[PDB]
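First, one chain by itself: the form deposited in one PDB entry, in structure tokens.
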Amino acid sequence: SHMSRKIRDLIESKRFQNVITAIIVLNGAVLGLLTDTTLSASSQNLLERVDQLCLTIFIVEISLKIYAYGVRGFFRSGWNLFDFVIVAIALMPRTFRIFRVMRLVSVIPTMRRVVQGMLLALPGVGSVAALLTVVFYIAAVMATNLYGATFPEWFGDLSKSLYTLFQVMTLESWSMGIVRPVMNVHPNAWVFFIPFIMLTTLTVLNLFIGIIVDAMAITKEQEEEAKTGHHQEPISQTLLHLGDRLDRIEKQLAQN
């Protein structure tokens, strides 16, 4: 229909995106002002009405999209489903309303592309992340059995051990706060903690670098495709096509 097509063009315009972005920012500002515990009853009531107005504008925006794309066509996108859930959970009584400021990511295409690159890079580091998880679990069981009776606040149970080993991997007071006090009772505890630090810092840096390198390459391809319609072909494909042109001319020269 012509009407649904005029609505799609309104939705996909730069001005509509700018208005929705401004309402997300306004809603985020009123939720930030609502943290101020010194506000008067009238000021709080006013800010709650601005929040209610912002939420109504998002309802109109979402309904406008579902009509212009169709129920199955709208829910086909993960970003639209996210926008729908974020707005729908506010209707029908979580206390974390500030999470709808995440709509700045879903509404702005360049920010959406950064997050997409990070999410798409996750499967590729799954085995490095599983290796770190295995090391953490093994270390937490060992630390609990080794130090739980003598240092129960840090290692009294599996949950406590996982927490203090995460602190140890981040290098936060690992020695003055944790390992020197442990070594006063268990002199060889450095044999456990120093290899734990070497392994986890190497593995977490491998995990982070793997995410970053891949996310940057995916996002760069997505930026190229969003502007020109296509991305730069990999150097391997360029060299493959160069070799194909050489086979075509070699078959020639030989007998032609």
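Only residues modelled in both forms are compared. Sequential numbering from 1, following the sequence displayed. Definition used throughout: the rigid core is the maximal C-alpha set that superposes within 1.5 Å between two forms.
Interval residue 93-residue 94, deposited residues with no coordinates in the entry (none, 1 to 3, 4 to 9, 10 or more): Unresolved stretch here: 4 to 9 residues.
Mean C-alpha temperature factor, higher of 67-75 and 168-176: Here the higher of the two C-alpha B-factor means belongs to 67-75.
Mean Cα B-factor comparison, 228-236 or 243-251, giving the higher one as deposited: Averaged over C-alpha atoms, the B-factors run higher in 243-251.
Per the PDB entry, maximal CA B factor within 183, 86, 132, 121: Of the candidates given, the C-alpha B-factor peaks at 86.
Third assignment of residue 217 from its chain's C-alpha B-factors: For residue 217, whose C-alpha B-factor we compare with every modelled residue in the chain, the answer is the middle third.
Modelled-residue ranking by C-alpha temperature factor, third containing residue 191: Its C-alpha B-factor belongs to the lowest third of this chain's values.
Ranked C-alpha temperature factor of residue 27 among modelled chain residues, by third: As the PDB entry reports it, the C-alpha B-factor of residue 27 lands in the middle third of its chain.
B-factor third for the C-alpha atom of residue 54 within its chain: Within its chain, residue 54 is a middle-third residue by C-alpha B-factor, going by the deposited values.
Residue 33 - Cα temperature factor, lowest/middle/highest third of chain: For residue 33, whose C-alpha B-factor we compare with every modelled residue in the chain, the answer is the middle third.
The form deposited in another entry is left out here; the points below concern that form.
Position that moves between the shown form and the other one after core superposition, taken from 47, 226, 204, 62, with Cα shift of 2 Å or more: Only 226 moves by 2 Å or more at its C-alpha.
C-alpha of residue 12 moved at least 2 Å between the shown form and the other one on rigid core: No, the C-alpha position differs by under 2 Å between the shown form and the other one.
Threshold 2 Å Cα movement between the shown form and the other one at residue 242, rigid core reference: Comparing the forms between the shown form and the other one, which are aligned on their rigid core, residue 242 does shift its C-alpha by 2 Å or more.
Closer or farther in the other form, the Cα atoms of residue 228 and residue 19, when the shift from this form is 3 Å or more: Distance between the C-alphas of residue 228 and residue 19: longer in the other form, by 3 Å or more.
Outcome for the Cα pair residue 19, residue 227 in the other form, compared with this form (closer or farther; change of 3 Å or more): Distance between the C-alphas of residue 227 and residue 19: longer in the other form, by 3 Å or more.
Once both forms are overlaid on the core, stretches between the shown form and the other one of 3 or more residues with C-alpha shifts of 2 Å or more: Residues 223-256 form the sole shifted run.
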